[PDB]
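Following this are structure 1 and structure 2, which are two forms of one protein chain, each written alone as structure tokens.
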Structure 1
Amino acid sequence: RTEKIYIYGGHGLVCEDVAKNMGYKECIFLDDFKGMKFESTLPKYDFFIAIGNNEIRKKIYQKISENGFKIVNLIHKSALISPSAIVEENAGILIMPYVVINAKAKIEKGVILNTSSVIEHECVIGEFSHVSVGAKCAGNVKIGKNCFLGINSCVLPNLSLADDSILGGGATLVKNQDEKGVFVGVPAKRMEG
């Protein structure tokens, strides 16, 4: 790993913290879409994309890769990752604070695993997916590409979620899909005074 890091990017601050938690001494913030074609003249420190938004993550990932930078994973030192889990190497993957990834799970490329999320044994988490704060996937769950799992959501064991799907905050997925969809919980209801 390099000693400084370029961070492209609120989610930028959190990525700075994870980078500094790993050995990084200096974070360099860039947030310039159009200046990106010139950035190839810069010293090749490690890069990270602190977006988003799957899908700007993905676009900018591709532009930065094609400009000769290495886009590393940021994994905080708190995360517990089984030696048999597969985390795509140098793939712009963010692994928060207190994440757990258990035996033979697979995390692909530019996934976000947000703080205290749990990926159980034998999960796949597809490319450019966002598993948010405290979201939990039970054993053998298959999350497709460009999915969003909202805060405190969960997925029961052995289930698949199709590409481009949204699981709302506090929702529990109970059924296999193959078709993309959106997947809401209950709403705290104000009690009337």
Structure 2
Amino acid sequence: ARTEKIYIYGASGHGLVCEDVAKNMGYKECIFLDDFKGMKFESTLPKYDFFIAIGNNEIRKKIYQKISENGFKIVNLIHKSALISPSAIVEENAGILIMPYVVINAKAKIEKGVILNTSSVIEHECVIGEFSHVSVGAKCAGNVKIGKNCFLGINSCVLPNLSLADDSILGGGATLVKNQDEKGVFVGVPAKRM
């Protein structure tokens, strides 16, 4: 069962929103840890629930591994407004962030260390690979597979039944319309001055 206190590793902007979600869940105190300011992580800290509040997928993973290896429990932070199908699977105690108004539909699967950011949507039967980040307003249509460590930018989307290779980036505003077997950076067209 959840501890009264939680360690939040990452004390900048992402830490701010993780703290709001932790408070929404009923945590009474959030204690920030950070390598570059304020209080540091030490292997020797009391066993409170942990969360890794770092947006960068590669760094969140590295820090996640260090925390796990030190025997700490890395909880999921899931906003109460998130709507999760009873047949959806969200990996338990796996440092998953689920932000306000996220929807996860039937049989979708969420792997460890994932960020589902504000108002993102994961449609039925999706598979969202570990340490991926689905940003604000980003949406996966039915039966989409997102590879491990992927980043989907703000307001990006993936059409139904598509697969995105591990370690790929889908740019903010971009629409993925075909399978990508090989990793890459897939971008849309930026706003242009008239």
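The term rigid core refers to the maximal set of C-alpha atoms that superpose within 1.5 Å between the two forms. Start at 1 and count along the sequence of structure 1; that gives the residue numbers used here.
Chemist: Please name the single residue among 152, 62, 53, 40 whose Cα shifts by at least 2 Å between structure 1 and structure 2 after core superposition.
Modeler: The residue that shifts is 40.
Chemist: Give the C-alpha shift of residue 177 between structure 1 and structure 2, in Å, after superposing the two forms on their rigid core.
Modeler: Comparing between structure 1 and structure 2 after core fitting, residue 177 shifts 1.5 Å at its C-alpha.
Chemist: What is the magnitude, in angstrom, of the C-alpha shift at residue 102 between structure 1 and structure 2 when the rigid core serves as the superposition reference?
Modeler: Residue 102 is displaced by 0.2 Å at its C-alpha.
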